[PDB]
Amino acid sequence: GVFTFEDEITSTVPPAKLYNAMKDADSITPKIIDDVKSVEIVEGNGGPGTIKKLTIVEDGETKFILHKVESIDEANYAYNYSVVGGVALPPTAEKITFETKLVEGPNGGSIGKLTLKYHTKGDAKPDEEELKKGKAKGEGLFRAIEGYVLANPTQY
């Protein structure tokens, strides 16, 4: 099944900057997120369809995660990617899609919509703790990008 969850967020950063920075995620992520060590393109040019291998550490152990870039829609400052392999897909999970869409906020910032689509195998539902973890990672990635823009204002 597919189970969809939407959360509304804010940023003091304007949306075109966050959008441009979201596209440098491969460079930003290992800098800001301690446990992300590398991001390598397996296939593709960085746009939709691109497969990426992420090397992370969990408890001193190296683990590998696979991401796919799904779609980008610059018109709506929208960037979608999915987790397609590794530890975040327990046996009853097929894939998890993380969508981000941004609009201008009331004071030079942004209003964001973070959508999590949790794809299960057959009849299964998302485990509640797995959904919690997934939402945390998706928002954490958004906050890594935002934090990088806040710390490096001349770059966007």
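Between two forms, the rigid core is defined as the largest C-alpha subset superposing within 1.5 Å. In case it trips you up, residue 1 is the first one in the sequence shown, and so on.
Rigid core fits of the other structures in 8 other deposited structures of this protein place the C-alpha atoms of one stretch farther away on average; of 26-34 and 87-95, that stretch is 87-95. Comparing 14-22 with 132-140 by root mean square Cα distance to the shown form in 8 other deposited structures of this protein, with the rigid core used for the fit, gives 132-140 as the more displaced stretch.
Comparing the deposited coordinates for 121-129 and 29-37, the stretch with the larger average C-alpha B-factor is 121-129. Stretches compared: 138-146, 16-24. Higher mean C-alpha B-factor in the entry: 16-24. Of the candidates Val69, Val103, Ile96, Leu114, the PDB record gives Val103 the highest C-alpha temperature factor.
Per the deposited record, the Cα B-factor of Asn152 falls in the middle third when ranked against the other modelled residues of its chain.
Among the modelled residues of its chain, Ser82 has a C-alpha B-factor that falls in the lowest third, as given in the PDB entry.
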